[PDB]
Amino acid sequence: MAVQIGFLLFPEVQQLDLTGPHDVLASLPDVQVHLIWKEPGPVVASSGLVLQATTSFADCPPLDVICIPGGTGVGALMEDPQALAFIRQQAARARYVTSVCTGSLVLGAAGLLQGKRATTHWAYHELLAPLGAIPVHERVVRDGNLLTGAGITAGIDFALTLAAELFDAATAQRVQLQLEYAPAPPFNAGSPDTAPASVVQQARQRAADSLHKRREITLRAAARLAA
């Protein structure tokens, strides 16, 4: 009867995609939160922060909510049939199937974005359409029981949205206040629409190799869904 919430924890995850939502959701009554990988034990994030998976795929209970974070490690997952099959297995009955940042590309590779409205990190957004999504430029996009969040820090806004769906608005407001989540960002560069052009150019320049490699992975993943 506790709400079962599971995050996929994988090598080279962008840890804040997971740890933001985790601290939001673990604050709720009558929840149990799982960090899932192929086996329990240490899993190193892209920053070198060490996290700890609490369960294997086999021991994970049926989930009410599955959440796929993003990060450098998603390219491997997009071509990992075990991970994709596990995600499909839990998605079907899960009440909610959510990702954050490039975690939606993993949902896409699993075939779970076909004909659905979805978002991802702004630098990767062109990869949603080949995976069958209708790409929406909004920070949290809901299509039925699919909730996708945009890039990294969007996980906090996504998790508060999810909290209200699982419980109610009052419960989400309580958590928002405990987290003192009234952001006053010291710059206005969080989107390509508002950042200085020089900043956008440098960020695009840095993401370019990753985007090309992910363009190739995405097109192999899509072809597998078609065949």
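Throughout, we count residues from 1 along the sequence that is shown.
Higher-B stretch (mean Cα B-factor, as the entry records it), 5-13 or 207-215: Of 207-215 and 5-13, the stretch with the higher C-alpha B-factor average is 207-215.
Between the two ranges 57-65 and 178-186, the one averaging a larger CA B factor in the entry: Between 178-186 and 57-65, it is 57-65.
Looking at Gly70, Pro42, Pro29, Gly48, which one carries the largest C-alpha B-factor according to the PDB entry? Highest C-alpha B-factor among the listed residues goes to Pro29.
Sorting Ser198, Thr194, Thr161, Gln52 by Cα temperature factor from the record, which one lands on top? Of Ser198, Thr194, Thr161, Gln52, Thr194 has the highest C-alpha B-factor.
Lowest, middle or highest third: which one holds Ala172 when the chain's residues are ordered by CA B-factor from the entry? Answer is middle: the recorded C-alpha B-factor places it there.
Report the third (lowest, middle or highest) to which the CA temperature factor of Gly149 belongs, ranking only the modelled residues of the same chain. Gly149: CA B-factor falls in the lowest third of its chain.
Compared with the other modelled residues in the chain, in which third is the CA B-factor of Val33? According to the entry, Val33 has a C-alpha B-factor in the chain's middle third.
Compared with the other modelled residues in the chain, in which third is the CA B-factor of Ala94? CA B-factor rank for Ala94: highest third.
Taking the entry's C-alpha B-factors for this chain, is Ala85 in the lowest, middle or highest third? It falls in the top third of the chain.
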